[PDB]
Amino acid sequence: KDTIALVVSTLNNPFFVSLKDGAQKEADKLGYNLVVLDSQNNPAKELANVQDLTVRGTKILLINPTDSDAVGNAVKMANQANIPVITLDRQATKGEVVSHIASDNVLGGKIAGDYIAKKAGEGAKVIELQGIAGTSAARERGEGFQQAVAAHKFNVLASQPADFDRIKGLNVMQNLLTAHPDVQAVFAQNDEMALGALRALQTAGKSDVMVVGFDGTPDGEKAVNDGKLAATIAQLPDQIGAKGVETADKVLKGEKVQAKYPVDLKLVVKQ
């Protein structure tokens, strides 16, 4: 029985427990023994986990980095030991990686935009609240939304960062609202920003302006069920873990794998 190892950023969040669960079910299904190591959101422990795995002759390393920049050296221990590395959710800035499996953030953003078109109409006047500048999530969600901006002929009144934060989402939306009162819809690159933006619009007496979030968090999905948030984009973390294990399998069977395998996601609306 061959062993596939999974170094997970943390098991303290439901998102990553699903990622582990999806990886476990797929591994069982493909006939592998999955060794799971928790990094406890600490790069030093992640580094120790990868070193432990190298000396125990692991065939492939599935690693969900605690941080893209900090994982560099952990990937390098695996690279030198000749253990193929596959990243999950977060990319590794440095180090040789055979494949990266994450959500299809581009499709996510396009989905959000298509929904805005469905409810606000073609050529709608929209505002976009971006995530932290430089992060891959903000970049990919942004280009996905731009695909919907082109296809649906959206007029983007404003597009500014709110750094994936609820308080900044609130304050930025407040500023943009007064400067662009003709806004018909908002696309926030995470539920925190969307909720922040919702709070801002509620305070100005503008709950007729639809807000679309992203992430499918407990708070985000709750807001959709209450009829506050028009929608959210839920990720499928279990599918990231499953696809990662399957890609490891293809690598172990002597196959050449794609660099990326963007995982599908779903539009969450009321009902």
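Counting begins at 1, following the sequence as shown.
122 to 130 set against 192 to 200, stretch whose average Cα temperature factor tops the other in the entry: Taking the mean C-alpha B-factor of 192 to 200 and of 122 to 130, the larger value falls to 192 to 200.
241 to 249 set against 212 to 220, stretch whose average Cα temperature factor tops the other in the entry: So the stretch with the higher mean C-alpha B-factor is 212 to 220.
Criterion, highest CA B-factor; candidates, 236, 30, 231, 55: The listed residue with the largest C-alpha B-factor is 55.
Selection by C-alpha B-factor (highest) of 138, 149, 172, 81: Highest C-alpha B-factor among the listed options: 81.
Position of residue 113 among the chain's modelled residues by C-alpha B-factor, lowest, middle or highest third: Lowest third.
B-factor third for the C-alpha atom of residue 176 within its chain: Highest third - that is where residue 176 ends up once the chain's C-alpha B-factors are sorted.
Ranked against its chain, the third holding the CA B-factor of residue 100: Ranked within chain, residue 100 CA B lands in the lowest tercile.
CA B-factor ranking of residue 155, expressed as a third of its chain: Residue 155: CA B-factor falls in the lowest third of its chain.
CA B-factor ranking of residue 88, expressed as a third of its chain: Answer is lowest: the recorded C-alpha B-factor places it there.
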